[PDB]
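S.K.: PDB entry and its sequence, pasted below:
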Amino acid sequence: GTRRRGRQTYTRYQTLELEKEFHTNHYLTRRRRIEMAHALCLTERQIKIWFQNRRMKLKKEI
């Protein structure tokens, strides 16, 4: 039905579960990414995007 959805946003529930994750680990593995697809209930590539935009927005660690 709806496979080609056009949305470039994220919900608090996602931004949160994604924030804490990036805080604990810097790099996400293949299996680790899938583990998030369940809790977050999103595509496997969706997570990569949040990491590509986030990791790019920030730099180094204070």
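M.R.: All right, it came through fine. Numbers count the residues shown, from 1 in each chain.

S.K.: so who does residue 39 touch?
M.R.: With contacts defined as C-beta atoms under 8 Å, 6 or more residues apart in numbering, residue 39 is in contact with residue 17. Where you see a C-beta, it was placed from the backbone N, CA and C, and this is true even at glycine.

S.K.: okay but residue 28 is in contact with residue 51, surely?
M.R.: Yes. The pair residue 28 and residue 51 passes the contact test of C-beta atoms under 8 Å, sitting 6.4 Å apart.

S.K.: could you pull out the helices for the protein?
M.R.: Ranges of helices in the chain, per DSSP state H, are 12-24, 30-36, 44-57.

S.K.: okay if I get those as JSON lines plus distance to residue 3 and mean neighbour count?
M.R.: Formatted as JSON lines, the helices of the chain follow (distance: least, C-beta to C-beta, whole Å; neighbours: other C-beta atoms under 10 Å):
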{"stretch": "helix 12-24", "distance to residue 3": "19", "mean neighbour count": "13"}
{"stretch": "helix 30-36", "distance to residue 3": "19", "mean neighbour count": "12"}
{"stretch": "helix 44-57", "distance to residue 3": "13", "mean neighbour count": "13"}
